[PDB]
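First comes the structure, then the notes that go with it.
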Amino acid sequence: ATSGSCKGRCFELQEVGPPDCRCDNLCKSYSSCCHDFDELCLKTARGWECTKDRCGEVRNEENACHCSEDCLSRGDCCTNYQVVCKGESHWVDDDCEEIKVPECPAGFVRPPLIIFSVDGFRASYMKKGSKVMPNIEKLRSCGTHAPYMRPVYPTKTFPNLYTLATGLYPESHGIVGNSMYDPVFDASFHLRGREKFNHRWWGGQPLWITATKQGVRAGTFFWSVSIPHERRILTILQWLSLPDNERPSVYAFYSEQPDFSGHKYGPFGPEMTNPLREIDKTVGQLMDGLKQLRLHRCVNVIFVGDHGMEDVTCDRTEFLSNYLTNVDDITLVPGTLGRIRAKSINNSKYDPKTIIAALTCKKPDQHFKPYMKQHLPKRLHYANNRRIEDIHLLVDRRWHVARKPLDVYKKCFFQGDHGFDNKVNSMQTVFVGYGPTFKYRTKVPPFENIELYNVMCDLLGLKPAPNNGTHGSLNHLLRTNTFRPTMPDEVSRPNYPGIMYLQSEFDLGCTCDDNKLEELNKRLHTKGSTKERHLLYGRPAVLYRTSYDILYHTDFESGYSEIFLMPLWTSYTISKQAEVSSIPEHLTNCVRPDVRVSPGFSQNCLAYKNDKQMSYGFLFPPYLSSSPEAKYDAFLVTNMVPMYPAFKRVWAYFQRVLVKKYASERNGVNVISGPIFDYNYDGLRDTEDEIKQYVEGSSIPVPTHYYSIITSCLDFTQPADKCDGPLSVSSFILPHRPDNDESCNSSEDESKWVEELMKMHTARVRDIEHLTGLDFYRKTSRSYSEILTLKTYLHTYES
Ligand SMILES: *[C@@H]1O[C@H](CO)[C@@H](O[C@@H]2O[C@H](CO)[C@@H](O[C@@H]3O[C@H](CO[C@H]4O[C@H](CO)[C@@H](O)[C@H](O[C@H]5O[C@H](CO)[C@@H](O)[C@H](O)[C@@H]5O[C@H]5O[C@H](CO)[C@@H](O)[C@H](O)[C@@H]5O)[C@@H]4O)[C@@H](O)[C@H](O[C@H]4O[C@H](CO)[C@@H](O)[C@H](O)[C@@H]4O[C@H]4O[C@H](CO)[C@@H](O)[C@H](O)[C@@H]4O)[C@@H]3O)[C@H](O)[C@H]2NC(C)=O)[C@H](O)[C@H]1NC(C)=O
Ligand SMILES: C[C@]1(O)C[C@]2(CCN2C(=O)c2cnc(N[C@@H]3Cc4ccc(Cl)cc4C3)nc2)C1
Ligand SMILES: [Ca+2]
Ligand SMILES: [Ca+2]
Ligand SMILES: [K+]
Ligand code: NA
Ligand SMILES: [Zn+2]
């Protein structure tokens, strides 16, 4: 019904309900615009710039923008009007001056926010393209910037734009790729075409909805591709000239560049200079335009990308047809990641186990690795959605995976792509904030794009919907409007058991070959006399209802679960000077009852003997005991945890070699280790009724993962246990697997593969918090916002 009119309706904010014709910034994309949309709304006459001869002209409403006297009040001047016609300077030529307070026109209730989003803008463009992007360089140097911003996985456009909008992981917002099949709708989502416009795909609450629901007006964020950039900018500036009761407070611009060119020419192709220049010119138009409206010291501006761009060519393609004989029985979502499902749900002869094995470590330099999705690095948060296929391929940077060669030459063309692991340097993107609410000439550490939703809410005075950001962790970007969170309340208080059981009350099937001056000595140790050394940041708080005990020892402190029959956490400090020792021969198979903990709340050695697949390890490593006498404590049944022999190779090397290495490199480290149970791969602590595996014959639950949090002084001239200032952390969440199939070199010595495994499984403290229902760093001398920043830190081990 496109015989309605867009007269006086151009770029209307409220989308009219068809079958009435549309005049909003998306109507082109649904082929739904009124007949006169182009004529009235996409004027082009005379181009985009005032010239000296158009100054003071009589208004001609055919023109794309105006150079008449009345244009400022009307809000439709070309962005260079005051420069060309009133001898003003371009914004970029003006010195930076601190913006201490919003300098807004009367009637503005809050500083507007404008998000300037750029597709495929790789983080290193800020330095490498700086000579050709002066407007962007001024935003960056005068505002608040990060060296880079980490996207989410997969590092594709729609997952990342919707993460920016919602503060959610793709698994939670449901946009898990640029292409998807949802088995409960039995429907497909694609970039091309129209099913993606169906609202059932899009979960959580995006910023524009959050705004609307709380009485803040929002501009429409999505722009049809054919609307020229100049027109997008002029539309924003027109909206900003609306009356107070109609004018939005939040706007987004989007550019398809430099992504579009990057795919064709590679991230640093010589052809990339012009797209970067053109983007910079658009930023300049916006800023000149704000300046003429007296809004350039009023508005907060965010310059942000969705992902970066890597060099990728046709010839760097792995073909599943080279591995699988059965290739026509699978559907592959291809490219910079792979997702595999059965071609037909009626094929009972499909077996994911046999596909995985056919794809595992088959060629010496194989450029992808298969995973069941629950085994992917937990830092990716890429499993808890039915739209994510069980079988996943993590593709090496610079490579593609495809089903058959004909897929790649029956479509070389492209030189750039993205989608890879979000740790990869080429995938990193940008963040700049400029305005009254951002800090002045401030650099901040790199951070994840899941955090920005909360900040954008802070900037608009909105209460954010529940999301995966850690609200407060980006307070250091802001001059004001910080969010002041309180530490969560401890839900369960610990018991502190003393000696309550005699040795002969235990029938655990365990065995161990085991003065009065230092008899008091060991009593004080068991009462917590060394605890200030081994528990540096306070005990972790337990944020759920459970029954647990604090157990003190010479070398380590633990919070021992009576429910899970093992520690939730074990804490210990290893100085620079500490010595590694062996497990003495007499103690090789030693497990000792803990006379503080009932036999009924203890593990037993007979279960491990019976269970031919499962062995055990220790959370506090016997190798790092302070003394031969202290070493007995490490063999308590309360320090034992279930470990597959294959995993013990990993764990033993970490404990015997790597902990001491870190303590030497970082001037002591504090370590907190423990189990994780996430059988439903939702990234959250399992309740006891969610556990799918026990040690045979017992109530001993088997962890899905083992974590460690390794903390030291950021100023490494100070020892970990005597640190005056900011901390440094690195953490991991290691999968507890019965094989080392993940590691193709695992036949080799652990010095050749364990550390690279651990790096792959690097984690944020926050990730561990979700997975354990523990809250760490409760008792430091640092600000809580600083600790939140520390908890979101990821050590990426990239160059
Ligand atoms: C990252 O941040 C997010 C947001 O904070 C965290 O996700 C939240 O996690 C909560 C715990 O898992 C979860 O709470 C559940 O909500 C159920 C109600 O859900 C609807 O309502 C909300 C609010 O409007 C809405 O956001 C939800 O949106 C999801 O689902 C739609 C599909 O309809 C999607 O479009 C959208 O993308 C989103 O999908 C994601 O979440 C769902 C899970 O809800 C996943 O399945 C998807 O894969 C995807 O990840 C919904 O529209 C509520 O019913 C649940 O309550 C049950 O569960 C517990 C016990 O298990 C119990 O206390 C209750 O009694 C109840 O049990 C009964 O029902 C069970 C389930 O059917 C049944 O098995 C039992 O037998 C019982 O009878 C639950 O409270 C919250 O929804 C999501 N929110 C979002 C946005 O994802 C996420 O955890 C964070 N991640 C990390 C790692 O920290
Ligand atoms: C066929 C196609 O039509 C699909 C293609 C590839 C991406 N795109 C778009 O249409 C496209 C158009 N507008 C926006 N705006 C973005 C959305 C968003 C989310 C959060 C934030 Cl904070 C800011 C923004 C501005 N994003 C995307 C071409
Ligand atoms: Ca993109
Ligand atoms: Ca779980
Ligand atoms: K065993
Ligand atoms: Na292996
Ligand atoms: Zn792209």
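Both counts, for ligands and for their atoms, begin at 1 and track the order of listing. Note that the numbering runs from 1 along the sequence shown for the chain. Every heavy atom of this structure was used, including side-chain atoms; hydrogens, water molecules and symmetry mates were not.
- Atoms of the protein (N, O or S only) found under 3.0 Å from the Ca ion (ligand 4) are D678 OD1, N680 OD1, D682 OD1, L684 O, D686 OD1.
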Determine whether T546 and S492 satisfy the following criterion, side chain to side chain donor-acceptor pair (under 3.5 Å), listing intermediate values before the conclusion. CA-CA 6 Å; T546 197; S492 300; 5.8 Å; no

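- Ring centroids of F601 and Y560 are separated by 6.0 Å or more, keeping the two rings apart.
- Both the sub-6.0 Å distance and the 45° axial angle are satisfied by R685 relative to the ring of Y544.
- Here the protein contributes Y608 O, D611 O, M614 O as N, O or S atoms under 3.4 Å from the K ion (ligand 5).
- For the pair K648 and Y653, the cation-pi criterion (under 6.0 Å, within 45° of the ring axis) is not fulfilled.
- Excluding waters, the set of protein N/O/S atoms under 3.0 Å from the Na ion (ligand 6) reads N740 O, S743 O, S746 OG.
- In this structure, CD on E690 lies 4.5 Å from CG on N680, to the nearest 0.5 angstrom.
- Classified by interplanar angle (parallel below 30°, tilted 30° to 60°, perpendicular above 60°), the ring pair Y644/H736 is tilted.
- The residue from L794, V152, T163, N468 that alone fulfils the side chain to side chain contact (heavy atoms under 4.5 Å, CB included) condition with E448 is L794.
- Panel note: side chain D594, backbone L636; no donor-acceptor pair is recorded below 3.5 Å.
- With hydrogens and angles left out, the side-chain atoms of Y707 and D767 include no donor and acceptor closer than 3.5 Å.
- A cation-pi arrangement is present between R386 and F185, with the terminal nitrogen or guanidinium carbon under 6.0 Å from the aromatic centre and inside a 45° cone about the axis.
- Between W651 and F732, the two ring planes are perpendicular [angle over 60°; tilted spans 30° to 60°].
- With salt bridges taken as basic N to acidic carboxylate O contacts below 4.0 Å, one links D514 and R592.
- Legend: residues meeting side chain to side chain contact (heavy atoms under 4.5 Å, CB included) with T470, ordered by chain and number and at least two apart, are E451, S473, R766, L788, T792.
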